[PDB]
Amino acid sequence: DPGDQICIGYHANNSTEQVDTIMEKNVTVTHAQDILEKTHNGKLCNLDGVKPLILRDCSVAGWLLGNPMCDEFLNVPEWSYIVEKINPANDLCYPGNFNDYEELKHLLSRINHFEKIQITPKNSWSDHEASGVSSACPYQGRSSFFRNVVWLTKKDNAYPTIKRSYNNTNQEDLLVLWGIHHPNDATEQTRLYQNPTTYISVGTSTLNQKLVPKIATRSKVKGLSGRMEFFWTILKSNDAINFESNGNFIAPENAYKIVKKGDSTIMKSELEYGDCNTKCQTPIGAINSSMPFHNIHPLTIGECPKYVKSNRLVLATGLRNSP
């Protein structure tokens, strides 16, 4: 008659976690491990202790040149990363362009802190008018101008040749900005700077620039047919920059000390500050995860999981579950 018994068997449970293999889909297992983070907080946060520089409706250009609508940013603290809107409204208020802008921007992504200083006081232009202003550049309803540069025009009816020089006695490098104004016609030229044929020389240990205004008729932009073209350079410590101009010069007033370099980026996001903190930021929200992977956005900064385009990454840890 039937005696004693031993059996070999395996575990099962009420698990509904499915995994995939090459041969078989939607296989239900006893234990699995999701390795893919799929959620974020929908916010722009601090990175470790450090707040981002969130430009609002200001572009990098507007900020640095000192567009009057960007006065929030005249002197920003050390940032962790920079956020710019996709199409900032407050860019170059006076119509024109920024030379080597994407290169400046790329430089900027390697910087965590500027210290703005005055390199030339506005009360130093005694033979020229330093109050140039424009409707394209409004402050509080009335006509203003960039804050970090000066529009110099003839005083009385003369424009003496400007020869002004500045030695970077600071230990850190200076980002220095300037510009040239391109009038529409010869008549505008004399109204503003008297002299018909003008130039701008800018010199450094590495820079040897000569600019001449391009006086020609162009399409109206913001009611202005004129243009403002902007240039930048890095003045190393102990180097000097030499300006000589005979007109059409948009002169430097303030410049930026490069205080700290680091890993940083310029994120393109419509988000704004969400008064949070994270160790991983994406343009569409922050991530707090122990997962090795995430699929939120490819462009991240911080201590992040690795990005994949997958919707699901589930590792089977246990065995096949019996129905």
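Residue numbers here begin at 1 and follow the sequence given.
Averaged over C-alpha atoms, is the B-factor higher for 99-107 or for 123-131 in this PDB entry? According to the entry, 123-131 carries the higher average C-alpha B-factor.
Higher-B stretch (mean Cα B-factor, as the entry records it), 171-179 or 112-120: Averaging CA B-factors over each stretch, the winner is 112-120.
Select one of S269, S59, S264, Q33: the residue whose C-alpha shows the highest B-factor in the crystal structure entry. When the deposited C-alpha B-factors of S269, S59, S264, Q33 are compared, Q33 is largest.
Please rank the C-alpha B-factors of the chain's modelled residues and tell me whether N254 sits in the lowest, middle or highest third. Its C-alpha B-factor, which the entry lists for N254, ranks in the middle third among residues of this chain.
Ranking the modelled residues of this chain by C-alpha B-factor as given in the entry, is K155 in the lowest, middle or highest third? Its C-alpha B-factor belongs to the highest third of this chain's values.
Ranked by Cα temperature factor within the chain, is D91 in the lowest third, the middle third or the highest third? Within its chain, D91 is a lowest-third residue by C-alpha B-factor, going by the deposited values.
For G9, return the chain-relative third of its C-alpha B-factor as stated in the PDB record: lowest, middle or highest. It falls in the top third of the chain.
For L211, the third of its chain into which the C-alpha B factor falls: According to the entry, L211 has a C-alpha B-factor in the chain's middle third.
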